[PDB]
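Peer 1: Structure provided below as structure tokens; questions to follow.
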Amino acid sequence: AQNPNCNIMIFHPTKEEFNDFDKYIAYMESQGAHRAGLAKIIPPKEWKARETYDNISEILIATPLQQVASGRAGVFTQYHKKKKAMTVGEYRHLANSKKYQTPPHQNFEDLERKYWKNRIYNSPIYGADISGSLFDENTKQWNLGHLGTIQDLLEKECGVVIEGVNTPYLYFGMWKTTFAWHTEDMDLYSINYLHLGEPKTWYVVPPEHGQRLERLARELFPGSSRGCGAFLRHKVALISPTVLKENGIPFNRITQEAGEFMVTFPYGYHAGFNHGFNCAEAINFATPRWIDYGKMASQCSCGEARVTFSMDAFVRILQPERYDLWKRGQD
Ligand SMILES: O=C(O)CNC(=O)C(=O)O
Ligand SMILES: [Mg+2]
Ligand code: NI
Ligand SMILES: [Zn+2]
């Protein structure tokens, strides 16, 4: 069995190996990469996403979100308070202001210590889930707006044509902006490209151990768990590495830098934080191996998680028994 300890693997494809996305994903899996839940892919030195980032300041962040924490330093939830629209140029200046800027630090480990010690005491502002792309249309390899759609994958594997579309999203971050513990919708893959700026630290639990995380989360968030059998789908719960180690949960950590891709694998729980002002682009995707995970994915039917149009068909075709309950939660 490849990668039996479930370590995060890092890949350095050549330009020729970067031509066929599906083939390279399947290659990474042949080496055991999925067992970690997360892999890093460093593009060939010949490749670029676009020419420059000099012309992005006029992108609008229609609904910036202030991430307000409740709890204790290592175990907290966050809610998202809506703020007035601002441009990416305005958001960059905010991120670099004395109130929000990254503090002085020694290295990535010291910054991680500071994050876990102090996150709860501040409320950073996050631009999330903005439909769009920063890949040049003439970038032909690993262009996250030109991938095969998940609807076409389900049709190729199972024969059923379905409605829906699959497009990328932009994320504008600052110091302390946080992504809560979650798997992807319908336990899909994701791919994330860090276009510019400061790093992103990731934490991940191996798919084979995901239920261990879920059991800890039910213990640590007992009211949320009573509310919804799939409450991690609400994307609000944070648990620190120290707390995970105290409870014997298997996990790994890695820091993504500008110019690097990360891939999350089906049913790989992940969480993390941004080091400072940055811009990432991400999209969900599928492969033949995902279908069996999609059929088994939990679902939120309580009303909180509220998702994309395109999840309807995936539930309808892969989970017909759950469809009626799930849909009542969406209305
Ligand atoms: O960059 C982010 O906002 C965090 N992204 C993801 O959870 C992802 O790509 O799965
Ligand atoms: Mg612009
Ligand atoms: Ni994710
Ligand atoms: Zn729910």
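Chain A uses Swiss-Prot numbers throughout; the residues present, in order, are 11-341.
Per the header: X-ray crystallography, 1.5 Å.
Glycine residues also receive a Cβ, built from the backbone N, Cα and C atoms like all the rest.
Pasting the relevant annotations from Swiss-Prot:
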- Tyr136, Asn202, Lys210, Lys245: 2-oxoglutarate binding site (BINDING)
- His192, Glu194, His280: Fe cation binding site (BINDING)
- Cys238, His244, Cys310, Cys312: Zn(2+) binding site (BINDING)
- 18-60: domain 'JmjN' (DOMAIN)
- 146-312: domain 'JmjC' (DOMAIN)
- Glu26: polyADP-ribosyl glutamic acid (MOD_RES)
- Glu27: polyADP-ribosyl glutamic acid (MOD_RES)
Peer 1: Please report the Cα separation of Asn202 (2-oxoglutarate binding site) and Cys310 (Zn(2+) binding site) in Å, rounded to an integer.
Peer 2: 24
Peer 1: Listed binding-site residues are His192, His280, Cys312; which sit with C-beta under 6 angstroms of ligand 4?
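Peer 2: The binding-site residues passing the 6 Å Cβ test are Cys312.
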Peer 1: Roughly how many Å separate the Cα of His192 (Fe cation binding site) from that of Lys245 (2-oxoglutarate binding site), to the nearest whole number?
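Peer 2: Answer for this pair: 6 Å between alpha carbons.
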Peer 1: Using the structure shown, find which entry in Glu27, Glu194 (the recorded positions) has the sparsest Cβ neighbourhood within 10 Å.
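Peer 2: Checked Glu27, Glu194; of these recorded positions, fewest Cβ neighbours within 10 Å: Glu27.
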Peer 1: Relative to the Cα of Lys210 (2-oxoglutarate binding site), which of the binding-site residues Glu194, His280, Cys310 has the closest Cα?
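Peer 2: Closest recorded candidate to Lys210 (2-oxoglutarate binding site) by Cα: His280.
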Peer 1: Which residues in the same chain, at least 6 apart in sequence, have a Cβ under 8 Å from the Cβ of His244 (Zn(2+) binding site)?
Peer 2: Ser234, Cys238, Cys310, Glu314, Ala315
Peer 1: From the binding-site residues listed here (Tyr136, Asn202, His244, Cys310), select those whose CB sits under 6 A from an atom of ligand 3.
Peer 2: none
Peer 1: Which chain-mates of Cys312 (Zn(2+) binding site) that are at least 6 residues away have a CB under 8 A from its CB, listed by sequence?
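Peer 2: Set apart from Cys312 (Zn(2+) binding site) by at least 6 residues yet with Cβ under 8 Å, we have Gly237, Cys238, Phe241, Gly339.
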Peer 1: Which residue counts does DSSP give the domain 'JmjN' (18-60) for helix, strand and coil?
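Peer 2: Split into helix, strand and coil, the domain 'JmjN' (18-60) gives 14 helix, 7 strand, 22 coil.
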Peer 1: What kind of secondary structure is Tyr136 (2-oxoglutarate binding site) part of, going by DSSP in three states?
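Peer 2: Note: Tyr136 (2-oxoglutarate binding site) is in a strand by DSSP.
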Peer 1: Can you check what DSSP calls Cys238 (Zn(2+) binding site), collapsed to helix, strand or coil?
Peer 2: coil
Peer 1: For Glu194 (Fe cation binding site) and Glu26 (polyADP-ribosyl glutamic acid), what Cα-Cα distance in Å is obtained after rounding to a whole number?
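Peer 2: About 30 Å separate the Cα atoms of these two residues.
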Peer 1: Looking at the binding-site residues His192, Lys210, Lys245, which sits with the largest number of other Cβ atoms within 10 Å of its Cβ?
Peer 2: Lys210
Peer 1: Considering only the binding-site residues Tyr136, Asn202, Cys238, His244, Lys245, which possess a Cβ situated under 6 angstroms from at least one atom of ligand 1?
Peer 2: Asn202
Peer 1: Using a Cβ-Cβ cut-off under 8 angstroms and a sequence gap of six or more, which residues of the chain neighbour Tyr136 (2-oxoglutarate binding site)?
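Peer 2: Spatial neighbours, sequence-distant, of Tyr136 (2-oxoglutarate binding site): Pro74, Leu75, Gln76, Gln77, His90, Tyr181, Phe182, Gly183, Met184, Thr187, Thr188.
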